[PDB]
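Quick heads-up: it's one chain on its own, the form deposited without the DNA, in structure tokens.
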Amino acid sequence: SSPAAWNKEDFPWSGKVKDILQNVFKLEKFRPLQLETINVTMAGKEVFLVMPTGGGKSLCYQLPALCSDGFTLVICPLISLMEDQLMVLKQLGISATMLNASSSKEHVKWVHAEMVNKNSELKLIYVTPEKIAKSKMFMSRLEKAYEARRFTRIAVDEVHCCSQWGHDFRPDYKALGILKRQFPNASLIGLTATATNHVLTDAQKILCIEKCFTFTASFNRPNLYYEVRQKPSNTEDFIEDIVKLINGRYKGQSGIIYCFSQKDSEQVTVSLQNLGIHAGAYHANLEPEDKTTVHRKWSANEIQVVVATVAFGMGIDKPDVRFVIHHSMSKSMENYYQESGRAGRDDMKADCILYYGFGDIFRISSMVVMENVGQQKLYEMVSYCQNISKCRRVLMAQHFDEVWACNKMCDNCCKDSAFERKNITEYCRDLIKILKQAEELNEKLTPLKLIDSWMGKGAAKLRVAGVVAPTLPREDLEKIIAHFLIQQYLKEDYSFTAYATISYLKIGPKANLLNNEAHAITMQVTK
């Protein structure tokens, strides 16, 4: 059966479920798929829930824990993710606990007693997968609790960690198949955002489950406005553009500015502070006292904007973030989706504005050089930024492999423009004449040196007679070059230097298509 057969408040527990939702959790209604998942697990069946980060996966096992006898075991990979949860539950008046590496002899002792104590109101126990594999004592206590009918539910957070395709894999998650082998009458719930069908199909094998429900929430957030603007060359013109949004459309409202590095974040904060904005900086090197100060003041609306690196992300659930601005592009669409998805968690209209700058390609490419598919993921993001016709949601859905109604909620859906295919081939030939000459001279060209030569500027040795750049503005030339880069007519070449990795361009793998003199390279332009 499908999720629809389960979107129902017909069950013996439904009265109790609505009541605990509204009066213990202080939530009013269920988000998509939350009711259905709760129903399945309450019915004592196995279910995987696939739902975006910050969407409310946890509810789907915390709420059942309260509607059942005994405790729910929660397997969770990071102590910080566990500590996130326990803070929230204590504040709700819920008895929950965790066991840990650095766990007290007194505390471990107390937990063990509670598990077999028939009168316990302790309803959730969080543990790391190390506890299942490397604690004989804890497994026997689970066995006793299971036999005493006090252990009826297993939640495995981050269930994708089970698989050999899932890029946050953890060896101890391979041991977790012991849970359903030993405790077949404990129902299991698997939660993840990052779920491919063959990573899930595999985790289902690792966990020794079959059969299983799989519920997938759409990663579409209908209230989010998605935009890409040209990033300005001048860094002071860029600040002025930001301050005009913040003091105009986002006047009084909460938001985030995401930055490439810690220096960018520190710079942008100061820049805005001097211009009146209540801006605060958040990066990893910050004294953790100040990490909290900034989060505290931002969540409490004293600071209007956090100017941050990706390090501001884990466990952000502030509901009224009205804008996420990307000062630089993310490393990948997956990072973009997740970072911008921190906007508008109250489901009211919120803005996602990405500033695309040519230079950022190379700062990021260089930075992710050691990653298998780093460059390939960056280029997908660049291709999003380069798109001027296609719906932003359509481009995102192509990436998550979802079947997929924007209703004018992205910059490209609101355009009235027409478009056409401009043949830019000769421009590619011309830049390859420049690079060919450069190698015949044993010269390395950074992207700046390529653009300068094309434009008839820069060092005179690096110029090729009869090559004229068009009188298009620079960002247009930059876009033509980014196009050939991601299309691989050109390619990057890295150099590792004492302190930094830097990028140079070269004739890339697809330049041999230009041996065909009829070959055509086209780029979409406005009519």
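In this text, rigid core is short for the largest set of C-alphas that superpose within 1.5 Å between two forms. The numbering used is simple: start at 1 and walk along the sequence shown.
There is another form of the same protein, the form solved in complex with the DNA; it is not shown, and what comes next is about it.
Engineer: Using heavy atoms only and a 4.5 Å cut-off, decide whether all three of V228, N387 and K433 touch the DNA in the bound PDB entry.
Structural biologist: Result no, not one residue of the spot touches the DNA.
Engineer: At 4.5 Å between heavy atoms, only one of the stretches 484-492, 57-65, 458-466, 40-48 reaches the DNA in the bound PDB entry; which one is it?
Structural biologist: Heavy atoms within 4.5 Å of the DNA in the bound PDB entry occur in 458-466.
Engineer: To verify the annotation, which of these, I316, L86, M367, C208, has a non-hydrogen atom within 4.5 Å of the DNA in the bound PDB entry?
Structural biologist: Of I316, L86, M367, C208, the residue with a heavy atom within 4.5 Å of the DNA in the bound PDB entry is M367.
Engineer: Though the DNA is not shown, can you say which of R153, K123, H283, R150 has a heavy atom within 4.5 Å of it in the bound PDB entry?
Structural biologist: The option sitting close enough to the partner is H283.
Engineer: Can you tell me if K331 lies within 4.5 angstroms of the DNA in the bound PDB entry, counting non-hydrogen atoms only?
Structural biologist: Heavy-atom contact with the DNA at 4.5 Å: present for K331.
Engineer: Is the gap between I502 and the DNA in the bound PDB entry 4.5 Å or less for some heavy atom pair?
Structural biologist: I502 belongs to the contact set for the DNA.
Engineer: May I ask you to state whether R363 is within 4.5 Å of the DNA in the bound PDB entry, using heavy atom distances?
Structural biologist: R363: yes, in contact with the DNA in the bound PDB entry.
Engineer: If you check in the bound PDB entry, is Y336 within 4.5 Å of the DNA, heavy atoms only?
Structural biologist: Heavy-atom contact with the DNA at 4.5 Å: absent for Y336.
Engineer: Going by the DNA in the bound PDB entry, which residues of 424-448 come within 4.5 Å of it through any heavy atom?
Structural biologist: Residues within 4.5 Å: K444, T446, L448.
Engineer: At a threshold of 2 angstroms on the CA positions, core aligned, which residue out of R296, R249, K105, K263 shifts between this form and the one not shown?
Structural biologist: Per the superposition, the moving residue is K105.
Engineer: Is the C-alpha displacement of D237 equal to or greater than 2 Å between this form and the one not shown once the rigid core has been superposed?
Structural biologist: Stays below the 2 Å threshold, so no.
Engineer: When you overlay the rigid core, is the Cα of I502 off by 2 Å or more between this form and the one not shown?
Structural biologist: No, because once the rigid core is superposed, the C-alpha of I502 moves less than 2 Å between this form and the one not shown.
Engineer: Would you say whether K26 is displaced between this form and the one not shown, judging by a C-alpha shift of 2 Å or more on the superposed rigid core?
Structural biologist: Passes the 2 Å threshold, so yes.
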